[PDB]
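Presented below is the structure to which this report refers.
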Protein chains: 2
Amino acid sequence: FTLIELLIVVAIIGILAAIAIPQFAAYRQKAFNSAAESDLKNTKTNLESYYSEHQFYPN
Amino acid sequence: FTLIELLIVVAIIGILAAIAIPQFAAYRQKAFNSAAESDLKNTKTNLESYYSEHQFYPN
C-alpha cells in the first residue's frame, strides 16, 4: 500500500524472472538418440528372427 | 520445481514410452515350431525303437 513496497516488488519480480532455465535442446536430443539406439537393437533382433523361418536374410 | 521443467519431463516421458518393442508373436511361434520339430524327431526314434523288440511297426 506504499509506493516503495510496490517498487521493491517490481524489482524482486524482475530478479526472479531472469533465472537461467536448464538447456532443453540437448535434453530432448538425448531421448531422440536413445530412441534411435532402441530401434536399431530391435531391428537386429527382428532380422535374426527372420533368419530362423528361412535360411537367408531379407533380399 | 519449475513449471517448465515438469512439462519437459512429461514430454520426455511421452517420447520414451512410444518406443517400438520387438514383435513377439513370431518369436513365440519360433519356439512352437521347434517344439513340433523335436517331437517329430523323438517320435521317429521311438517308433524305430519299437521296431526292435518286435518285427512290425504299431498297428
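We label chains A, B, ... in the order they appear in the C-alpha cells, count residues from 1 in each chain, and number ligands from 1 in the order shown.
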Please identify every residue of chain B that has at least one atom no more than 12 Å from any atom of chain A, counting only C-alpha atoms, and report them as a compact mmCIF listing (two decimals) with N, CA and C atoms, in the first residue's frame.
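Once everything was written out, this is iface06.txt:
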# COMPACT_ATOMS: atom_id res chain seq x y z
N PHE B 1 11.05 -28.15 -9.94
CA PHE B 1 10.34 -27.20 -9.09
C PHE B 1 9.84 -26.01 -9.91
N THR B 2 10.05 -26.09 -11.22
CA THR B 2 9.60 -25.07 -12.16
C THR B 2 8.62 -25.69 -13.14
N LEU B 3 7.55 -24.95 -13.46
CA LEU B 3 6.51 -25.49 -14.33
C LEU B 3 7.03 -25.81 -15.72
N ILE B 4 8.14 -25.19 -16.13
CA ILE B 4 8.76 -25.55 -17.40
C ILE B 4 9.41 -26.93 -17.32
N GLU B 5 10.11 -27.21 -16.22
CA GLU B 5 10.82 -28.47 -16.09
C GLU B 5 9.86 -29.65 -16.07
N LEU B 6 8.73 -29.51 -15.38
CA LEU B 6 7.76 -30.61 -15.31
C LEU B 6 7.15 -30.88 -16.68
N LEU B 7 6.88 -29.83 -17.45
CA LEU B 7 6.36 -30.01 -18.80
C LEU B 7 7.37 -30.72 -19.69
N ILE B 8 8.65 -30.35 -19.56
CA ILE B 8 9.68 -31.04 -20.33
C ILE B 8 9.78 -32.51 -19.90
N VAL B 9 9.61 -32.77 -18.60
CA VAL B 9 9.61 -34.15 -18.11
C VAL B 9 8.47 -34.94 -18.74
N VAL B 10 7.28 -34.34 -18.80
CA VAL B 10 6.14 -35.01 -19.42
C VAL B 10 6.42 -35.30 -20.89
N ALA B 11 7.01 -34.33 -21.59
CA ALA B 11 7.34 -34.54 -23.00
C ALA B 11 8.33 -35.68 -23.18
N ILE B 12 9.36 -35.74 -22.33
CA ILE B 12 10.36 -36.79 -22.47
C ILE B 12 9.77 -38.15 -22.13
N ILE B 13 8.88 -38.20 -21.13
CA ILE B 13 8.21 -39.45 -20.79
C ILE B 13 7.36 -39.93 -21.97
N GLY B 14 6.62 -39.01 -22.59
CA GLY B 14 5.84 -39.38 -23.77
C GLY B 14 6.72 -39.86 -24.91
N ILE B 15 7.90 -39.25 -25.06
CA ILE B 15 8.83 -39.68 -26.10
C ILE B 15 9.33 -41.10 -25.82
N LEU B 16 9.68 -41.38 -24.56
CA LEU B 16 10.28 -42.66 -24.23
C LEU B 16 9.26 -43.79 -24.21
N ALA B 17 8.00 -43.49 -23.90
CA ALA B 17 7.00 -44.55 -23.81
C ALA B 17 6.51 -45.02 -25.17
N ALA B 18 6.90 -44.35 -26.25
CA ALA B 18 6.46 -44.70 -27.59
C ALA B 18 7.45 -45.60 -28.33
N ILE B 19 8.45 -46.13 -27.62
CA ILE B 19 9.48 -46.95 -28.25
C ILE B 19 8.84 -48.21 -28.83
N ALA B 20 9.23 -48.56 -30.06
CA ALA B 20 8.69 -49.73 -30.72
C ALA B 20 9.34 -50.99 -30.17
N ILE B 21 8.58 -51.76 -29.40
CA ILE B 21 9.05 -53.03 -28.85
C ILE B 21 9.13 -54.05 -29.98
N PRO B 22 9.97 -55.07 -29.88
CA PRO B 22 10.07 -56.05 -30.97
C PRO B 22 8.81 -56.90 -31.07
N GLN B 23 8.60 -57.45 -32.26
CA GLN B 23 7.49 -58.37 -32.48
C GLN B 23 7.70 -59.63 -31.64
N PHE B 24 6.64 -60.07 -30.95
CA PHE B 24 6.74 -61.22 -30.06
C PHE B 24 5.97 -62.44 -30.53
N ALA B 25 4.90 -62.25 -31.32
CA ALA B 25 4.13 -63.39 -31.80
C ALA B 25 5.00 -64.34 -32.61
N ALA B 26 5.76 -63.79 -33.57
CA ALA B 26 6.67 -64.63 -34.35
C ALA B 26 7.75 -65.24 -33.47
N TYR B 27 8.22 -64.50 -32.46
CA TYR B 27 9.26 -65.02 -31.59
C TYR B 27 8.78 -66.27 -30.86
N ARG B 28 7.55 -66.25 -30.37
CA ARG B 28 6.99 -67.43 -29.72
C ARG B 28 6.66 -68.53 -30.72
N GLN B 29 6.23 -68.16 -31.93
CA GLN B 29 5.95 -69.16 -32.95
C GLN B 29 7.21 -69.93 -33.33
N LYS B 30 8.37 -69.28 -33.25
CA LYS B 30 9.63 -69.99 -33.47
C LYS B 30 9.79 -71.13 -32.48
N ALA B 31 9.57 -70.86 -31.19
CA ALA B 31 9.70 -71.90 -30.18
C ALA B 31 8.66 -72.99 -30.38
N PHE B 32 7.43 -72.61 -30.76
CA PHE B 32 6.40 -73.61 -31.01
C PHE B 32 6.81 -74.55 -32.14
N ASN B 33 7.32 -73.99 -33.24
CA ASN B 33 7.74 -74.82 -34.37
C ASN B 33 8.92 -75.71 -33.98
N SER B 34 9.86 -75.19 -33.19
CA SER B 34 10.97 -76.01 -32.74
C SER B 34 10.48 -77.17 -31.88
Can you provide chain B as a short mmCIF file (atom, residue, chain, number, x, y, z; two decimals) with C-alpha atoms, in the first residue's frame, superposed onto chain A by least squares across all C-alpha atoms matched in order?
data_model
loop_
_atom_site.label_atom_id
_atom_site.label_comp_id
_atom_site.auth_asym_id
_atom_site.auth_seq_id
_atom_site.Cartn_x
_atom_site.Cartn_y
_atom_site.Cartn_z
CA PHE B 1 0.00 0.00 0.00
CA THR B 2 3.15 2.14 -0.15
CA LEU B 3 4.81 3.24 -3.38
CA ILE B 4 8.14 2.00 -2.01
CA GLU B 5 6.81 -1.53 -1.43
CA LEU B 6 5.39 -1.85 -4.95
CA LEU B 7 8.69 -0.73 -6.47
CA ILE B 8 10.55 -3.31 -4.39
CA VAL B 9 8.02 -5.91 -5.56
CA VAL B 10 8.73 -4.99 -9.18
CA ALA B 11 12.47 -5.26 -8.55
CA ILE B 12 12.13 -8.70 -6.95
CA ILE B 13 9.89 -9.90 -9.79
CA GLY B 14 12.49 -8.75 -12.31
CA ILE B 15 15.17 -10.55 -10.30
CA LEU B 16 13.21 -13.81 -10.16
CA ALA B 17 12.13 -13.81 -13.81
CA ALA B 18 15.77 -13.78 -15.01
CA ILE B 19 16.59 -17.24 -13.63
CA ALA B 20 18.61 -19.33 -16.08
CA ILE B 21 16.46 -22.33 -17.03
CA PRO B 22 18.35 -25.51 -17.98
CA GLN B 23 19.23 -26.29 -21.58
CA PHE B 24 16.44 -28.33 -23.17
CA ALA B 25 17.55 -28.98 -26.77
CA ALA B 26 20.28 -31.37 -25.63
CA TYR B 27 17.88 -32.92 -23.11
CA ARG B 28 15.46 -33.85 -25.90
CA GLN B 29 18.31 -34.92 -28.19
CA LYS B 30 19.24 -37.47 -25.52
CA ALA B 31 15.80 -39.08 -25.81
CA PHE B 32 15.98 -38.97 -29.61
CA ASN B 33 19.34 -40.76 -29.63
CA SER B 34 18.06 -43.35 -27.15
CA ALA B 35 15.08 -43.98 -29.44
CA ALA B 36 17.45 -44.49 -32.38
CA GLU B 37 19.52 -46.94 -30.31
CA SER B 38 16.50 -48.99 -29.25
CA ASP B 39 15.18 -49.06 -32.81
CA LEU B 40 18.50 -50.39 -34.12
CA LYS B 41 18.65 -53.11 -31.45
CA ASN B 42 15.07 -54.20 -32.15
CA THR B 43 15.81 -54.26 -35.88
CA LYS B 44 18.76 -56.58 -35.27
CA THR B 45 16.57 -58.87 -33.18
CA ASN B 46 13.84 -58.92 -35.85
CA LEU B 47 16.34 -59.72 -38.61
CA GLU B 48 17.76 -62.63 -36.63
CA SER B 49 14.18 -63.77 -36.02
CA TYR B 50 13.53 -63.81 -39.77
CA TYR B 51 16.74 -65.79 -40.27
CA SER B 52 15.04 -68.66 -38.37
CA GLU B 53 12.00 -69.42 -40.55
CA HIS B 54 14.14 -69.30 -43.70
CA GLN B 55 17.89 -69.57 -44.22
CA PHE B 56 18.63 -66.12 -45.64
CA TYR B 57 18.31 -62.51 -44.56
CA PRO B 58 15.81 -60.28 -46.41
CA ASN B 59 16.60 -59.63 -50.08
#
For this session: Per DSSP on the backbone, filter chain B down to the residues in alpha helix (DSSP H) and report them as a PyMOL selection string.
Result: chain B and resi 3-16+25-53
